[PDB]
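Fold and geometry: a report
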Amino acid sequence: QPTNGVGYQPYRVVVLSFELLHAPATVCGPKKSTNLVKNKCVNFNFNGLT
Amino acid sequence: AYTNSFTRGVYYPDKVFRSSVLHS
């Protein structure tokens, strides 16, 4: 009821669970991709592994 | 009614590539 005390009110809940496996990514962050480079020393990120 | 499994039923424990290693 709207008259309930603060703890006795309803609350909505969401729980987000991450399948953070060493496997193909399918949900990823709001981020770009460069061209690939070979035979040169470079800093790199693949799917958030750096 | 029975038969014996021998060395059946091993499976890949994780989605990682490895080579020439005695993993445990």
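Residues numbered from 1 in each chain as written, not as in the entry; some residues may be left out. Chains lettered and ligands numbered in written order. Part of a larger assembly, values for the part shown. Heavy atoms only, no water.

As stated in the entry header, the method of structure determination is cryo-EM and the reported resolution is 3.53 Å.

**Things to note about unusual backbone geometry**
Residue and element names in this part refer to chain B. The backbone of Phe6 shows a phi angle near 50 degrees, a positive value even though the residue is not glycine. Of note in this structure, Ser20 is not a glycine but carries a positive phi near 50 degrees. For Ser20, a relative accessible area of 85% puts it in the exposed group. (Buried < 20%, exposed > 50% of the residue type's maximum accessible area, 1.4 Å probe, protein only.)

**Some thoughts on the packing of aromatic side chains**
Two aromatic rings, taken as a pair, are described by how far apart their centres are and by the angle between their planes. Applying the stated criterion across every chain, the model contains one aromatic pair over all chains. Between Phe44(A) and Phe46(A), the ring centres sit 5.5 Å apart and the planes meet at 55 degrees, which makes this aromatic pair tilted. (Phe/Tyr/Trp six-rings, centres within 6.5 Å; stacked < 30°, edge-to-face > 60°.)

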